[PDB]
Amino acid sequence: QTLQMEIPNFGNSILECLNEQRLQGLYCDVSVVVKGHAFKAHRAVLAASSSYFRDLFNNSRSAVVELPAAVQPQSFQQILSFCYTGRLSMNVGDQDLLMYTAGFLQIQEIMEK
């Protein structure tokens, strides 16, 4: 006799809270610095969507990581937001940079087919 409970779309709700947390700088365990702009985040969430961060966080315990000159802050901001929401916004004029950065950071689900 098993008793069972199941909350529908639980992950959807939890990731929203994690995004709120990040937006308010709560329970973050890494700071990612891009051209002198610091973004707080959770390693776990970055790792879930990026094989680049997966490999980096597998191999380094530093509290801050700085990305190379490739990555620009606006682009990174969009990618970060994607990792917490599954939404990627449109970028008029810098779609090439955004795509380059997504590829660089090996964001696996951002491109299709």
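Numbers follow the displayed sequence, beginning with 1.
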- Which of 11-19 and 88-96 has higher mean CA B factor, as the PDB entry lists it: 88-96
- Message: Mean CA temperature factor from the deposited coordinates, higher in 77-85 or in 56-64?
- Response: 56-64
- Considering only modelled residues of the same chain, in which third does the CA B-factor of residue 34 rank: lowest, middle or highest? middle
- Message: Sorting by Cα B-factor within the chain, modelled residues only, which third would residue 28 end up in: lowest, middle or highest?
- Response: middle
